[PDB]
Amino acid sequence: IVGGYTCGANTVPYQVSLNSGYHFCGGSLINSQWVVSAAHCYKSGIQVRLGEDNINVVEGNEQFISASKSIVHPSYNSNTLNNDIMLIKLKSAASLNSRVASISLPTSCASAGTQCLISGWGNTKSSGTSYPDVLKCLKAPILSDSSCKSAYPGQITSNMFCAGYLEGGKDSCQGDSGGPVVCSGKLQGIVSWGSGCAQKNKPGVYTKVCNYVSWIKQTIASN
Ligand SMILES: Nc1nc2ccccc2[nH]1
Ligand SMILES: [Ca+2]
């Protein structure tokens, strides 16, 4: 997260860190047994870390749970990043409490101008490398379709939205992939891709979660 602020311990109780000997991607808890993340975050042998603040210190509220099953969306295209969403089932149910909580799925799509909260443990430098140990937060608006497609000609599908600032300086970045974009208490997006981080006229690109609710609900119910 570039140009954001320190969230504060367990303020984003739905935020998950995916670990495979180290933190590699963010995720969102949608229920006591399931996590939503980005398909580009797929890896074998994932450990789901809940209730985390500092990813390098055991602070007392963490739940470490192995993944039992991983499901990448059937139409995921690694080349275009179209349909960048995957579902992760936990070996055992997480205990929901004040610090570990689930985020609900949208009943409808958010419109441009809606303010959202983007969170993660990714790079904090525009051009440099500095990884935080604590969860970073960023309030950002959904941008208009037209300004998104203007920034990335022929790359934006109906399954993606842009969020951030065209002036640059504040965006998501490497390490935040698969992380949540929450607008008016519902998971509206997943950190997917972009061109560099916080560059002018190059905002973040997010998977448009409202397009996958049916797929998510049906998949979870049958697994
Ligand atoms: N804005 C932005 N967000 C990103 C997330 C992962 C990789 C590159 C990125 N650029
Ligand atoms: Ca910790």
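All heavy atoms count here, side chains included; hydrogens, waters and symmetry mates do not. Quick note: residue numbers are just sequence positions, from 1.
By the 6.0 Å contact criterion, NZ on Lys139 is open, its count of non-hydrogen atoms from other residues, nucleotides or ligands being 12 or less. Annotation: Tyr42, atom OH; neighbour count of heavy atoms from other residues, nucleotides and ligands within 6.0 Å does not exceed 12.
Contact check for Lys170 versus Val2: no side-chain heavy atoms found under the 4.5 Å cut-off. Contact of the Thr124 side chain with the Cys173 side chain is not registered, since no non-hydrogen atoms from C-beta on lie closer than 4.5 Å. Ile156 places none of its side-chain heavy atoms less than 4.5 Å from the side chain of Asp145.
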Exercise. Could you go through the side chain to side chain contact (heavy atoms under 4.5 Å, CB included) check for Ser20 and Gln47 one step at a time?
Key: CA-CA 6 Å; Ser20 65; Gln47 187 189 65; over 6 Å; no
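In this structure, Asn10 contributes its side chain and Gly51 its backbone to a donor-acceptor pair below 3.5 Å. Here the side chain of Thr207 pairs no donor or acceptor atom with the backbone of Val209 at under 3.5 angstrom. In this structure a side-chain-to-backbone donor-acceptor pair under 3.5 Å is missing from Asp133 to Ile55. Without hydrogens or angle criteria, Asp176 side chain to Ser172 main chain gives no donor-acceptor distance under 3.5 Å.
Cluster partners of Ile1 are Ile118, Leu138, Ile142, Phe161, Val181, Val191, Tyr206, counting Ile, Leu, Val, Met, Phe, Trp and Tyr whose side-chain heavy atoms approach within less than 4.5 Å, directly or via other members.
Nearest heavy atoms, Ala151 versus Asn201: CB-O, 3.3 Å. Of all non-hydrogen atoms in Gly26 and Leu18, the two that sit nearest each other are O-CD1, 3.8 Å.
By the ring pair (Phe, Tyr, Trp, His ring centres under 6.0 Å) test, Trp121 is found to be paired with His23, residues two or more places apart in sequence or in another chain being considered. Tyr212 is linked by a ring pair (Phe, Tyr, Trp, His ring centres under 6.0 Å) to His73, counting only residues two or more places apart in sequence or in another chain.
Seen from the ring of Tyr5, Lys136 does not count as a face-on cation partner, given the 6.0 Å and 45° thresholds.
A distance of 10.5 Å separates CD in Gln218 from CD1 in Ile220, rounded to the nearest 0.5 Å.
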